[PDB]
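A look at the structure
Given next are the chains, with one letter for each unit.
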There are 2 protein chains.
Amino acid sequence: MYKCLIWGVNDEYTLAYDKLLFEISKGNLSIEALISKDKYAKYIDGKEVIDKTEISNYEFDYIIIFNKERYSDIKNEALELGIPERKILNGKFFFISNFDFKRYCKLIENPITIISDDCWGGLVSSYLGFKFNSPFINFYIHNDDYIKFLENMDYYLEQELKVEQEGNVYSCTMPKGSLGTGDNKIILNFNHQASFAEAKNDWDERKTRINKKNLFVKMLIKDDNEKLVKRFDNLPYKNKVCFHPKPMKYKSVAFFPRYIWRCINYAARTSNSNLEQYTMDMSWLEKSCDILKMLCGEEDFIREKX
Amino acid sequence: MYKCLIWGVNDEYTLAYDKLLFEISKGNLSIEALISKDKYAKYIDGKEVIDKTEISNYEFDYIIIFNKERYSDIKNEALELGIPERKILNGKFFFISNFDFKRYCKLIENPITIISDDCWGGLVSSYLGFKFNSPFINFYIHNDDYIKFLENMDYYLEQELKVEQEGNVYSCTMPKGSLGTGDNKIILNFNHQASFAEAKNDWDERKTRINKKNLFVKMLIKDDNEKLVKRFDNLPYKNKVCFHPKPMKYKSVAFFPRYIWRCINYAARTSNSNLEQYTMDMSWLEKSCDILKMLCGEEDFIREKX
């Protein structure tokens, strides 16, 4: 449970009010004071309105800024005031589907380092406003090779990234990478970077951020391959999930009924088998599951069943 | 040079007034009179405000409806008024970039029927508000089979669509169909559709709308494959274009600088090599070229050149 200060008391603030009350009712936080450039009143919702200058007069776990656009600038004034970035939250993330401050802060205080075969992880981190505490951003690795990696992680994480393809834009060729050497070599298909070198840079830099104390492992398996799914369901990893087109007896398997529905009924649908699009589109993911609950490693995070 | 009656005179009308003046300046049209249920005034911009029961006293080739929200309704009463459905136009298309009435109507009067290896045609027709006068919608054909098709079009069109693969949503497998036999068989891959039946029905029903008198052949060759590009450039079709990652000495090719730019520079880019996504995104396509001039098969439809 935390103590917080709120910077910004306008539209976003009153718009996020009910959620704030709810979060307080759950006992996840309490508002100490309200920071505001312009002073509309000396007390807003029974809370003293103070200046950035008198912030030092309060004890607090976070500053939650409620100002969509001007956020960045306030974050600076925050930093310029000696407040460590660690205690500055965007507040707009309060408007996320199944928000819960305690789960949201948990993932922040014990950095969730997501690991995915595709871009999912990167997207999820953005949707929540988390920082990329993982090297799995902007690239995908085929199932066959991927399962191999999750079974012998540290090893591969020690191997230097070795170009496998340089990539050329005039042949729509993307820079590919390699990790491993024998018939047990792995391939990373970077599809965001221009040149391999640039990709390698990002890789071995972000790599250093892995937080083995809070790892979330996700994998997507489009086709029928109970072999893999069983194999995945067997990884030691305590916190892991696998997206599948159909329900499975394997506990780590997901399956979103709504997906199948879209595949054969959604009119303006885009495809009839793009499960990886469904899982990467927060508009759909949030309807199918409670992301925050899921990432926190809780159970019953799938919102739609049977 | 058509004579048209306007049915709107509101926000969209005033919004589009300048466009009108311009279309008029080019001599593409003239406004005989204005139709309105609300009698704001007797004269708007020098033209008279009549009622939907008097349109019958005017000679005109088109009725331009300026009212997005209730467009369909107006059309229904216009049709109810016994007006040829072909003479009804939706004024909101006056708002696409590089709009020209002469061209727009040309593609109406002689139904343009786009043949394409992917969803491109479907998306384009919709961007212009044209009906699908082609069976090439929501499915793709690989280069090798697609070029094969384009060279022996009539034979294939005369074939019966056979199932090559029942689709199964529980393994992300899509329905696939085929035309021809032995070495002359080609494969269609159905995205949007969930069942081959549904697909075949769409195909069968739509293939009867092909209008040989106004074909537009489009193809997208992403990789380095000059043999194929050359073959495409040699097709008889007087109106065709091939989307390619680099410029070529072949006139049928269309290279878009901004694309390569987006690849190596655009921040929020999804991929570093998705010419398909680019070409099918009317927002990017409209910048790199003039869709109307292109469709009207006029040389010079490329806006940005290197």
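Definitions and limits used
- Residues numbered from 1 in each chain as written, not as in the entry; some residues may be left out.
- Chains lettered and ligands numbered in written order.
- Heavy atoms only, no water.
- Residues with missing side-chain atoms left out of burial classes, pairs and counts.
- Helix = DSSP H or I, 4+ residues; strand = E, 2+ residues; numbered from the N terminus.
- Contact = heavy atoms within 4.5 Å.
- 1 Å grid on protein atoms, 1.4 Å probe; cavity = no way out; pocket = protein on both sides within 12 Å on 5 of 7 lines; lining within 4 Å.
- Points joined across faces, edges and corners; volume = space filled by probe spheres on them.
- Nonpolar A, V, L, I, M, F, W, Y, C, P; charged D, E, K, R; others polar.
- Least-squares fit on C-alpha atoms.
- Buried < 20%, exposed > 50% of the residue type's maximum accessible area, 1.4 Å probe, protein only.
- Pairing = 2+ DSSP bridges.
- Right-handed = clockwise from strand over helix to strand, strands pointing away.
- Axes fitted to C-alpha atoms, helices over the stretch in contact; angles between N-to-C directions.
- Salt bridge = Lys/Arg side-chain N within 4 Å of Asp/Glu carboxyl O.
- Buried area = accessible area lost by both parts, 1.4 Å probe.
- Polar contact = N/O pair within 3.5 Å; in protein donor to acceptor, adjacent residues only side chain to side chain.
- Domains from an automatic or database assignment.
- Parallel < 35°, antiparallel > 145°, perpendicular 65-115°, else oblique.
- Left-handed = near helix turned anticlockwise from the far one by under 90°.

Method of structure determination, per the deposited record: X-ray crystallography was used for this entry, reaching 3.00 Å resolution.

1. Quick look at the overall build of chain A
Within chain A one finds 12 helices and 11 strands. Seen along its three principal axes, the alpha-carbon backbone of chain A occupies a region of about 70 × 45 × 40 Å. Taking the intrachain contacts of chain A between residues at least 6 apart in sequence as the baseline, contacts between residues at least 24 apart amount to 59%.

2. Some details on empty space enclosed by the protein
Residues and elements named next belong to chain A. Of the voids in this model, the largest cavity is the one considered here, and its volume is about 60 Å³. Lining the largest cavity are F136, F139, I141, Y146, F149, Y156, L179, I186, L188 and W203. Sorting the residues of the lining of the largest cavity by element identifies α5 (143-151) and β9 (186-190) as the ones contributing at least two each. When its residues are assigned to classes, the lining of the largest cavity shows 10 nonpolar, no polar and no charged.

3. Some remarks on the relation of the copies chain B and chain A
Of the transformation superimposing chain B on chain A, the axial component is 0.3 Å and the angular component is 180°, with the fit at an RMSD of 0.5 Å. Taken together, the turn and the small shift mark the pair as related by a two-fold rotation axis. Across chain B, the smallest distance between a C-alpha and the rotation axis is recorded for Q277 of chain B, namely 6.8 Å. Counting the interface residues of chain B, we find that 97% of their copies in chain A are interface residues as well, pointing to one common contact surface.

4. What about the pairing of strand β12 (residues 215-220) of chain B?
All names here are of chain B. Most of β12 sits inside the fold, with 6 of its 6 residues counted as buried. Of the two faces of β12, the one carrying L215, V217 and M219 and the one carrying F216, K218 and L220 are both buried. When β12 meets strand β13 (residues 240-243), the two strands line up parallel, connected through 4 bridges. Residue pairing in the sheet places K218 in a bridge with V241 of β13. Once you follow β12 into helix α9 (residues 226-233) and on to β13, the crossover reads as right-handed.

5. A short note on the sheet that holds strand β5 (residues 88-89) of chain A
Sheet strands pair by backbone hydrogen bonding; their relative direction is either parallel or antiparallel. All names here are of chain A. Pairing is parallel in the open sheet, where 5 strands are placed in the order β3-β2-β1-β4-β5. Looking at which strands have only one partner, the edges of the open sheet turn out to be β3 (49-50) and β5. Pairing between strand β2 (residues 29-35) and β3: 2 bridges, direction parallel. Across the sheet, residue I35 finds its bridge partner in β3, namely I50. Helix α3 (residues 101-109) contacts β1 (2-7), β2, β4 (62-65) and β5 of the sheet and is inclined by roughly 115° relative to β4.

6. Some details on the pattern of salt bridges
Applying the stated rule across the entire model yields 37 salt bridges over all chains. Measuring nitrogen to oxygen at the nearest pair gives 3.0 Å for the salt bridge that ties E276 of chain A to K222 of chain A. Here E276 of chain A is found in helix α10 (residues 275-278), whereas its partner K222 of chain A is found in the loop between β10 (215-220) and α8 (226-233), with 54 residues between them in sequence. Between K249 of chain B and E226 of chain B there is a salt bridge, with the nearest N and O atoms lying 3.6 Å from each other. Taken as a pair, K249 of chain B in the loop between β13 and β14 (253-254) and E226 of chain B in helix α9 lie far apart in primary sequence, 23 residues in all. Using a relative accessible area of 41% as the deciding quantity, one classes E226 of chain B as partly exposed. Through salt bridges that share partners, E23, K26, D100, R103 and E298 of chain A make up one connected network.

7. Quick look at the interface of chain B and chain A
Between chain B and chain A, the residue contacts involve 29 residues of the former and 29 residues of the latter. Among the residues of chain B in contact with chain A, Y170, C172 and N272 of chain B are the three that bury the most area, contributing 29% of the side total. Where chain B meets chain A, there are 0 salt bridges. For the interface between chain B and chain A, the tally reads 9 residue pairs in polar contact. Counting residues per element, the side of chain B that touches chain A draws most heavily on helix α10 (residues 257-265) of chain B, which supplies 4 residues. Here the residues of the side of chain B that touches chain A are counted per class, giving 15 nonpolar, 9 polar and 5 charged.

8. Remarks on the domain arrangement of chain A
Residues and elements named next belong to chain A. Segmentation of chain A into domains returns domain 1 (2-99) and domain 2 (100-278 + 284-306). Averaged C-alpha coordinates put domain 1 and domain 2 at centres separated by 33 Å. Each side of the interface is counted separately: domain 1 has 16 residues, and domain 2 has 15 residues. Considering only the side of domain 1, the residues that lose the most area to domain 2 are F93, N98 and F99, jointly responsible for 37% of the buried surface there. Applying the counting rule to domain 1 against domain 2 returns 2 salt bridges.

9. So, the packing of α5 of chain A against α8 of chain A
All names here are of chain A. Packing of α5 against α8 brings their axes to within 10 Å, and their N-to-C directions diverge by 20°. Taken together, the axis directions place α5 and α8 in an arrangement best described as roughly parallel. For the pair α5 and α8, the crossing hand works out as left-handed. Residues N143, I147, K148, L150 and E151 of α5 form the contact with α8, whose own contacting residues are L228, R231 and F232. For the contact of α5 with α8, a count of residues per class yields 4 nonpolar, 1 polar and 3 charged.

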